[PDB]
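Next comes model.tsv, a file with TSV, C-alpha atoms and all ligand atoms.
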chain	number	residue	atom	x	y	z
A	1	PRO	CA	-27.19	-15.89	12.37
A	2	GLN	CA	-28.91	-19.22	11.53
A	3	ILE	CA	-28.62	-20.01	7.77
A	4	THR	CA	-30.84	-22.64	6.07
A	5	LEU	CA	-29.70	-24.61	3.01
A	6	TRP	CA	-32.48	-24.02	0.45
A	7	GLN	CA	-30.00	-21.68	-1.30
A	8	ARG	CA	-26.20	-21.67	-1.32
A	9	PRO	CA	-25.02	-20.24	2.06
A	10	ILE	CA	-23.18	-17.20	0.65
A	11	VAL	CA	-22.02	-14.43	3.00
A	12	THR	CA	-20.15	-11.12	2.71
A	13	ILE	CA	-16.44	-11.07	3.48
A	14	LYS	CA	-13.73	-8.42	3.96
A	15	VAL	CA	-10.20	-9.74	3.35
A	16	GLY	CA	-7.02	-7.84	2.38
A	17	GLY	CA	-9.06	-4.59	2.42
A	18	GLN	CA	-11.31	-5.98	-0.35
A	19	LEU	CA	-14.97	-7.01	-0.27
A	20	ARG	CA	-16.07	-10.41	-1.61
A	21	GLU	CA	-18.81	-13.01	-1.29
A	22	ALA	CA	-18.01	-16.58	-0.22
A	23	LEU	CA	-19.75	-19.90	0.43
A	24	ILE	CA	-19.82	-21.22	4.06
A	25	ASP	CA	-18.38	-24.64	3.19
A	26	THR	CA	-18.31	-27.38	5.91
A	27	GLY	CA	-16.74	-29.76	3.36
A	28	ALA	CA	-13.66	-27.49	2.96
A	29	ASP	CA	-10.78	-27.91	5.41
A	30	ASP	CA	-9.19	-24.66	4.13
A	31	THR	CA	-10.37	-21.23	2.91
A	32	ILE	CA	-9.88	-20.43	-0.83
A	33	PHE	CA	-10.44	-17.22	-2.85
A	34	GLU	CA	-9.91	-16.37	-6.52
A	35	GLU	CA	-8.98	-12.77	-7.55
A	36	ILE	CA	-7.83	-11.29	-4.23
A	37	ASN	CA	-4.49	-9.53	-3.86
A	38	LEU	CA	-2.91	-10.30	-0.45
A	39	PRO	CA	0.34	-8.75	0.87
A	40	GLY	CA	3.62	-10.47	1.73
A	41	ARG	CA	5.27	-13.87	1.37
A	42	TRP	CA	3.44	-17.01	0.20
A	43	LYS	CA	4.24	-20.70	-0.49
A	44	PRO	CA	2.97	-22.66	-3.55
A	45	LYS	CA	0.63	-25.56	-2.60
A	46	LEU	CA	-1.26	-28.22	-4.65
A	47	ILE	CA	-4.74	-29.06	-3.28
A	48	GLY	CA	-7.23	-31.79	-4.31
A	49	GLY	CA	-10.96	-31.63	-5.02
A	50	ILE	CA	-13.45	-33.27	-7.31
A	51	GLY	CA	-12.04	-33.28	-10.79
A	52	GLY	CA	-8.36	-33.35	-9.59
A	53	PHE	CA	-5.96	-30.83	-8.12
A	54	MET	CA	-5.36	-27.04	-8.25
A	55	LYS	CA	-2.18	-24.96	-7.68
A	56	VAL	CA	-2.74	-22.18	-5.08
A	57	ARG	CA	-0.69	-19.55	-3.20
A	58	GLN	CA	-0.77	-20.15	0.60
A	59	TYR	CA	-0.85	-16.95	2.76
A	60	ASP	CA	-0.66	-17.37	6.59
A	61	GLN	CA	-2.06	-15.25	9.46
A	62	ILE	CA	-4.45	-13.22	7.19
A	63	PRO	CA	-7.21	-11.25	8.96
A	64	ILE	CA	-10.74	-11.78	7.59
A	65	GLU	CA	-14.24	-10.56	8.51
A	66	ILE	CA	-16.95	-13.17	7.82
A	67	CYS	CA	-20.57	-11.81	8.02
A	68	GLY	CA	-19.27	-9.28	10.63
A	69	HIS	CA	-17.18	-11.83	12.69
A	70	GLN	CA	-13.34	-11.46	12.99
A	71	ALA	CA	-10.92	-14.33	12.35
A	72	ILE	CA	-7.27	-14.78	11.36
A	73	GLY	CA	-5.76	-17.70	9.50
A	74	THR	CA	-4.44	-19.29	6.34
A	75	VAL	CA	-6.05	-18.16	3.05
A	76	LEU	CA	-5.33	-19.97	-0.23
A	77	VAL	CA	-5.50	-17.99	-3.50
A	78	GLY	CA	-6.13	-19.77	-6.77
A	79	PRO	CA	-8.63	-20.56	-9.51
A	80	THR	CA	-11.62	-21.89	-7.48
A	81	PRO	CA	-14.98	-21.60	-9.27
A	82	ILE	CA	-16.46	-20.01	-6.05
A	83	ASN	CA	-14.83	-18.48	-2.99
A	84	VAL	CA	-15.13	-20.82	0.04
A	85	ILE	CA	-14.84	-20.30	3.82
A	86	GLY	CA	-13.52	-23.58	5.27
A	87	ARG	CA	-13.32	-25.08	8.76
A	88	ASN	CA	-9.99	-23.32	9.61
A	89	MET	CA	-12.00	-20.07	9.74
A	90	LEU	CA	-15.50	-21.41	10.62
A	91	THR	CA	-14.27	-22.82	13.99
A	92	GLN	CA	-13.06	-19.29	14.95
A	93	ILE	CA	-16.53	-17.74	14.41
A	94	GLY	CA	-18.34	-20.55	16.36
A	95	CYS	CA	-20.12	-22.02	13.30
A	96	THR	CA	-21.92	-25.35	13.87
A	97	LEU	CA	-24.24	-27.70	11.95
A	98	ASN	CA	-27.58	-28.67	13.51
A	99	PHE	CA	-30.34	-31.14	12.59
B	1	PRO	CA	-27.49	-33.51	16.65
B	2	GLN	CA	-25.29	-30.37	16.78
B	3	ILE	CA	-21.91	-30.98	15.03
B	4	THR	CA	-18.91	-28.65	15.56
B	5	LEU	CA	-16.23	-28.13	12.89
B	6	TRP	CA	-12.96	-28.91	14.72
B	7	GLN	CA	-12.96	-32.20	12.75
B	8	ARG	CA	-14.50	-33.06	9.38
B	9	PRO	CA	-18.29	-33.50	9.92
B	10	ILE	CA	-18.48	-37.17	8.86
B	11	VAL	CA	-21.66	-39.17	9.54
B	12	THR	CA	-22.91	-42.71	8.91
B	13	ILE	CA	-25.13	-43.33	5.89
B	14	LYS	CA	-27.26	-46.20	4.54
B	15	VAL	CA	-27.87	-46.00	0.78
B	16	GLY	CA	-28.75	-48.78	-1.71
B	17	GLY	CA	-28.68	-51.28	1.20
B	18	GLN	CA	-24.99	-50.43	1.82
B	19	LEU	CA	-23.33	-48.64	4.74
B	20	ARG	CA	-20.92	-45.73	4.13
B	21	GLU	CA	-19.50	-42.63	5.78
B	22	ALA	CA	-19.97	-39.19	4.21
B	23	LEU	CA	-19.09	-35.55	4.85
B	24	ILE	CA	-21.98	-33.10	5.65
B	25	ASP	CA	-21.03	-30.59	2.94
B	26	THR	CA	-22.84	-27.18	2.84
B	27	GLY	CA	-20.69	-26.21	-0.18
B	28	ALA	CA	-22.12	-29.12	-2.27
B	29	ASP	CA	-25.37	-28.56	-4.16
B	30	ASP	CA	-25.62	-32.32	-4.88
B	31	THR	CA	-24.83	-35.61	-3.09
B	32	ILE	CA	-21.90	-37.70	-4.46
B	33	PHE	CA	-20.61	-41.19	-3.54
B	34	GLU	CA	-17.78	-43.33	-4.92
B	35	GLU	CA	-18.06	-47.17	-4.85
B	36	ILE	CA	-21.80	-47.66	-4.30
B	37	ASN	CA	-23.88	-49.89	-6.54
B	38	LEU	CA	-27.37	-48.40	-7.08
B	39	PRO	CA	-30.22	-50.11	-9.01
B	40	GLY	CA	-31.95	-48.98	-12.21
B	41	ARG	CA	-31.54	-46.36	-14.93
B	42	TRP	CA	-29.05	-43.47	-14.75
B	43	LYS	CA	-27.94	-40.51	-16.93
B	44	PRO	CA	-24.27	-39.47	-17.45
B	45	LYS	CA	-23.50	-35.97	-16.06
B	46	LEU	CA	-20.31	-33.80	-15.95
B	47	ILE	CA	-19.91	-31.79	-12.70
B	48	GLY	CA	-17.36	-29.08	-11.76
B	49	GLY	CA	-15.25	-28.63	-8.64
B	50	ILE	CA	-11.83	-27.35	-7.74
B	51	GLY	CA	-9.33	-28.82	-10.11
B	52	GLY	CA	-11.88	-29.18	-13.00
B	53	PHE	CA	-14.73	-31.53	-13.80
B	54	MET	CA	-15.71	-35.17	-13.09
B	55	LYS	CA	-17.99	-37.59	-15.02
B	56	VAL	CA	-20.69	-39.14	-12.74
B	57	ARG	CA	-23.78	-41.37	-13.06
B	58	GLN	CA	-26.97	-39.53	-11.96
B	59	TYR	CA	-29.57	-41.70	-10.10
B	60	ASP	CA	-32.93	-40.07	-9.17
B	61	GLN	CA	-35.38	-40.73	-6.29
B	62	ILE	CA	-32.85	-42.81	-4.23
B	63	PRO	CA	-33.72	-43.40	-0.55
B	64	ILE	CA	-30.93	-42.58	1.94
B	65	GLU	CA	-30.58	-42.60	5.75
B	66	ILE	CA	-28.29	-39.84	7.04
B	67	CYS	CA	-27.28	-40.20	10.76
B	68	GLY	CA	-30.69	-41.92	11.31
B	69	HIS	CA	-32.79	-39.37	9.28
B	70	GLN	CA	-34.72	-40.47	6.10
B	71	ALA	CA	-34.50	-38.61	2.79
B	72	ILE	CA	-35.02	-39.35	-0.91
B	73	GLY	CA	-33.34	-37.64	-3.83
B	74	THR	CA	-30.74	-37.55	-6.56
B	75	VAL	CA	-27.42	-39.33	-5.82
B	76	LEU	CA	-24.40	-38.95	-8.13
B	77	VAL	CA	-21.89	-41.81	-8.37
B	78	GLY	CA	-18.34	-41.15	-9.48
B	79	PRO	CA	-14.71	-40.79	-8.42
B	80	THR	CA	-14.98	-38.22	-5.57
B	81	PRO	CA	-12.09	-38.32	-3.09
B	82	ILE	CA	-14.69	-38.37	-0.20
B	83	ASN	CA	-18.41	-39.10	-0.13
B	84	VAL	CA	-20.43	-35.87	0.33
B	85	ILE	CA	-24.01	-35.13	1.47
B	86	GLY	CA	-25.10	-31.94	-0.32
B	87	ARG	CA	-27.92	-29.45	0.13
B	88	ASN	CA	-30.44	-31.51	-1.95
B	89	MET	CA	-30.46	-34.00	0.96
B	90	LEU	CA	-29.49	-31.68	3.89
B	91	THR	CA	-32.67	-29.54	3.42
B	92	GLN	CA	-34.81	-32.71	3.85
B	93	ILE	CA	-33.26	-33.53	7.27
B	94	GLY	CA	-33.60	-29.90	8.56
B	95	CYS	CA	-29.83	-29.19	8.64
B	96	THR	CA	-28.86	-25.55	9.29
B	97	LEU	CA	-25.68	-23.53	9.93
B	98	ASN	CA	-25.47	-21.36	13.06
B	99	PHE	CA	-22.96	-18.79	14.37
C	1	LIG	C1	-15.30	-31.68	-2.64
C	1	LIG	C2	-15.11	-31.39	-1.06
C	1	LIG	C3	-14.66	-32.63	-0.19
C	1	LIG	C4	-13.99	-30.34	-0.88
C	1	LIG	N1	-14.37	-29.03	-1.62
C	1	LIG	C5	-15.33	-28.11	-0.90
C	1	LIG	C6	-16.73	-28.35	-1.52
C	1	LIG	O1	-17.74	-27.80	-0.65
C	1	LIG	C7	-16.75	-27.76	-2.93
C	1	LIG	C8	-16.79	-26.12	-2.95
C	1	LIG	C9	-16.98	-25.70	-4.45
C	1	LIG	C10	-18.26	-25.30	-4.99
C	1	LIG	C11	-18.43	-25.01	-6.34
C	1	LIG	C12	-17.39	-25.14	-7.18
C	1	LIG	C13	-16.18	-25.55	-6.70
C	1	LIG	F1	-15.14	-25.67	-7.47
C	1	LIG	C14	-15.93	-25.83	-5.39
C	1	LIG	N2	-18.02	-28.21	-3.59
C	1	LIG	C15	-18.03	-28.75	-4.85
C	1	LIG	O2	-17.01	-29.09	-5.51
C	1	LIG	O3	-19.28	-29.00	-5.33
C	1	LIG	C16	-19.42	-29.27	-6.76
C	1	LIG	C17	-20.22	-30.65	-7.04
C	1	LIG	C18	-21.40	-30.85	-5.88
C	1	LIG	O4	-22.65	-30.30	-6.43
C	1	LIG	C19	-22.52	-28.94	-7.11
C	1	LIG	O5	-22.28	-28.03	-6.11
C	1	LIG	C20	-21.09	-27.28	-6.49
C	1	LIG	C21	-20.24	-28.15	-7.41
C	1	LIG	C22	-21.30	-28.83	-8.17
C	1	LIG	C23	-20.68	-30.35	-8.43
C	1	LIG	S1	-13.13	-28.20	-2.38
C	1	LIG	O6	-13.66	-26.89	-2.89
C	1	LIG	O7	-12.60	-29.11	-3.40
C	1	LIG	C24	-11.97	-27.80	-1.25
C	1	LIG	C25	-12.11	-26.70	-0.38
C	1	LIG	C26	-11.15	-26.49	0.63
C	1	LIG	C27	-10.08	-27.36	0.80
C	1	LIG	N3	-9.04	-27.27	1.72
C	1	LIG	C28	-8.10	-28.28	1.65
C	1	LIG	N4	-7.06	-28.40	2.49
C	1	LIG	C29	-6.16	-29.63	2.61
C	1	LIG	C30	-6.65	-31.03	2.66
C	1	LIG	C31	-6.28	-30.48	3.95
C	1	LIG	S2	-8.47	-29.40	0.35
C	1	LIG	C32	-10.01	-28.44	-0.07
C	1	LIG	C33	-10.92	-28.68	-1.09
Kindly transcribe the structure held in the file into structure tokens.
Amino acid sequence: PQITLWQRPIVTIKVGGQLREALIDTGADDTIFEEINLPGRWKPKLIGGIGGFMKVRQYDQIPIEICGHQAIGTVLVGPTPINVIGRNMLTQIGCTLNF
Amino acid sequence: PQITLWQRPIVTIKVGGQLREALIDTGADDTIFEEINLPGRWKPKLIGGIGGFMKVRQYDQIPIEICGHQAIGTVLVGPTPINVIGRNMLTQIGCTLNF
């Protein structure tokens, strides 16, 4: 779809067999969720944002469905105030900006 | 223009008579710059992101040029790791997401 920006661009996600909502975030390089439970091995990672850094778990090659579109890629899990879909996933679903 | 997401969506800005680069950020409600010098009165504000909060100065009704498009609105000034154009400004320039 086309999504305008009068409201936060929140969409419905399926990841790890669980349903969540997440913000389409062109300012995020990576994809971050709080409170999902993903299977298998992970690596600890520190990431930076406004207000400093955050410790996350890094999971690789995770399938995700983003507003009905399929992608696979790295998902970070940690205490983000809102779930975000970043460019690693947005490029796979053909998402662009336009003005 | 249309902007794809293979790279960070960075554009050229003029604000307060100064030239800067900033990220088109659909996950940002507000617009934040580091190291600009804006005129007039401001109000201190605490804002939240990943990794916690940040103290900013809030300036209202600031003119800005975003990739050649004119807007006016609130600009926050404080120690962001990258300058961001948020939805308060993006709606004025007709920016949309599309997939
Ligand atoms: C700050 C930008 C540049 C980056 N962030 C993406 C922005 O869109 C975040 C999303 C958000 C919204 C709300 C609360 C939040 F906690 C977070 N917006 C944000 O903080 O807005 C703030 C600020 C603007 O006005 C209002 O609107 C929401 C809130 C409030 C004050 S990020 O989440 O830190 C992130 C994401 C992925 C990523 N992947 C990385 N990988 C390695 C480097 C390669 S680093 C990295 C860092």
Counting only C-alpha atoms and all ligand atoms, which residues in chain B sit no more than 9 Å from ligand LIG 1 (chain C)? For each one, give the nearest pair of atoms and the distance in Å, sorted by chain then residue number, as a Markdown table.
| residue | atom | partner | partner_atom | distance |
| --- | --- | --- | --- | --- |
| B:23 | CA | C:LIG1 | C3 | 7.3 |
| B:25 | CA | C:LIG1 | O1 | 5.6 |
| B:26 | CA | C:LIG1 | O1 | 6.2 |
| B:27 | CA | C:LIG1 | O1 | 3.4 |
| B:28 | CA | C:LIG1 | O5 | 4.0 |
| B:29 | CA | C:LIG1 | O5 | 3.7 |
| B:30 | CA | C:LIG1 | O4 | 3.9 |
| B:31 | CA | C:LIG1 | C18 | 6.5 |
| B:32 | CA | C:LIG1 | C18 | 7.0 |
| B:46 | CA | C:LIG1 | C23 | 8.3 |
| B:47 | CA | C:LIG1 | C23 | 4.6 |
| B:48 | CA | C:LIG1 | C23 | 4.9 |
| B:49 | CA | C:LIG1 | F1 | 3.2 |
| B:50 | CA | C:LIG1 | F1 | 3.7 |
| B:51 | CA | C:LIG1 | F1 | 7.1 |
| B:52 | CA | C:LIG1 | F1 | 7.3 |
| B:53 | CA | C:LIG1 | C23 | 8.1 |
| B:54 | CA | C:LIG1 | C23 | 8.3 |
| B:76 | CA | C:LIG1 | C18 | 8.9 |
| B:80 | CA | C:LIG1 | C1 | 7.2 |
| B:81 | CA | C:LIG1 | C3 | 6.9 |
| B:82 | CA | C:LIG1 | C3 | 5.7 |
| B:83 | CA | C:LIG1 | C3 | 7.5 |
| B:84 | CA | C:LIG1 | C3 | 6.6 |
| B:85 | CA | C:LIG1 | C18 | 8.9 |
| B:86 | CA | C:LIG1 | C18 | 6.8 |
| B:87 | CA | C:LIG1 | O4 | 8.5 |
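Taking only C-alpha atoms into account, chain A lies nearest to B:4 out of the set B:4, B:58, B:18, B:74.
Of note, atom CA of residue A:43 and atom CA of residue A:57 are spaced 5.7 Å apart.
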Residues near residue B:65, anyone? I mean within 6 Å using all atoms listed in the file, not counting same-chain ones fewer than 3 positions away, as a PDB file with C-alpha atoms, in the frame of the given file.
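Dumped everything to selection-v7.pdb:
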ATOM      1  CA  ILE B  13     -25.130 -43.330   5.890  1.00  0.00           C
ATOM      2  CA  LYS B  14     -27.260 -46.200   4.540  1.00  0.00           C
ATOM      3  CA  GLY B  68     -30.690 -41.920  11.310  1.00  0.00           C
ATOM      4  CA  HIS B  69     -32.790 -39.370   9.280  1.00  0.00           C
ATOM      5  CA  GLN B  70     -34.720 -40.470   6.100  1.00  0.00           C
TER       6      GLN B  70
END
Subject >> Distance in Å - atom CA of residue B:60 versus atom CA of residue B:38 >> reply: 10.2 Å
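Rounded to one decimal, atom CA of residue A:20 and atom CA of residue A:97 lie 23.4 Å from each other.
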**OP:** Up to 12 Å from (-17.9, -16.9, 15.0) in the file's coordinates: name the residues, counting only C-alpha atoms, as a VMD selection string.
**Re:** (chain A and resid 1 to 2 24 64 to 72 87 to 96) or (chain B and resid 4 to 5 97 to 99)
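Among B:11, B:19, B:56, B:62, the residue with the shortest atom-to-atom distance to residue B:40, counting all atoms listed in the file, is B:62.
Comparing the minimum interatomic distances between chain B and each of A:39, A:73, A:79, A:33, counting only C-alpha atoms, we find that A:79 sits nearest.
The closest residue to residue B:21, picked from B:59, B:45, B:3, B:9 and counting only C-alpha atoms, is B:9.
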Set up a box along x, y and z of the file covering all listed atoms of stretch 32-51 of chain A, add 4 Å on every one of the six sides, and write the centre and edge lengths in Å to one decimal, as JSON.
{"center_x": -4.1, "center_y": -21.0, "center_z": -4.5, "size_x": 26.7, "size_y": 32.5, "size_z": 20.5}
